[PDB]
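>
Protein chains: 2
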Amino acid sequence: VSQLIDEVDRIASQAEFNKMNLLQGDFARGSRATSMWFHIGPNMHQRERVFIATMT
Amino acid sequence: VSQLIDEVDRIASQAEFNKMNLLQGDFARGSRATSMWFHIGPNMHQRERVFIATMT
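Note that the protein sequences, when read in sequence, are chains C and H. Numbers given in the authors' numbering equal positions in the first sequence, counted from 1, plus 113. Numbers given in the authors' numbering equal positions in the second sequence, counted from 1, plus 113.
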């Protein structure tokens with residue numbers, strides 16, 4: 114179980130898309146790191162909220 | 114379901130055609146915004162009404 118949880122932590126540290134990291138919870142419910150948006154509109158204000166909690 | 118309804122609200126608040134929103138119900142039966150007329154006649158005063166209700 115120690116080995117498996119070490120593998121889980123390794124994955125959480127390395128699981129990434131491009132240079133950003135996701136599983137660290139940098140965009141959690143109350144994460145102070147930064148904020149992300151997927152703009153899906155032809156207007157500068159048209160974008161919505163996406164969140165990813167902390168799963169360490 | 115809440116996420117889906119939030120998408121519905123985003124569509125309603127963002128649905129527009131030529132910098133004019135449509136799903137807001139600006140052309141409803143009792144709408145106070147304005148009356149939409151499409152002139153199809155070759156003379157004066159042949160306006161044609163179109164009605165779209167609020168879709169929030």
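Ideal placement from N, C-alpha and C gives every residue a C-beta, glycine not left out.
Would DSSP call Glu161/H helix, strand or coil?
Three-state DSSP puts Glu161/H in coil, outside helix and strand.
> If I measure Cβ to Cβ from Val163/H and keep anything under 7 Å in the same chain, skipping five residues before and after, which residues do I get?
Closer than 7 Å at Cβ, skipping near neighbours: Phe140, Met149, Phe151.
> Starting from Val121/H, trace the alpha helix (DSSP H) both ways and give me its first and last residue.
Run containing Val121/H: 115–127, per the alpha helix (DSSP H) assignment.
> Once the 5 residues before and after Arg142/C are set aside, which same chain residues still bring their CB inside 8 Å of it?
Once the five neighbours on either side are set aside, the close Cβ partners of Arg142/C are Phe164, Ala166.
> Any residues in the region 154–165 of chain C with a beta carbon nearer than 7 Å to a beta carbon of chain H? Which ones, in chain order?
Within the region 154–165 of chain C, the qualifying residues are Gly154, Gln159, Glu161.
> Is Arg123/H close to chain C, meaning its C-beta is less than 9 Å from at least one C-beta of that chain?
It does; some Cβ of chain C falls within 9 Å.
> Ends of the beta strand (DSSP E) at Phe151/C?
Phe151/C -> beta strand (DSSP E) spans 150–152.
> Does any C-beta atom of chain C lie closer than 9 Å to the C-beta of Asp119/H?
So, interface residue.
> Chain C beta carbons: is any one of them nearer than 9 Å to that of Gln137/H?
No, because no Cβ of chain C sits closer than 9 Å to the Cβ of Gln137/H.
> Helix, strand or coil, according to DSSP, for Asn134/C in the structure here?
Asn134/C falls in the strand class under three-state DSSP.
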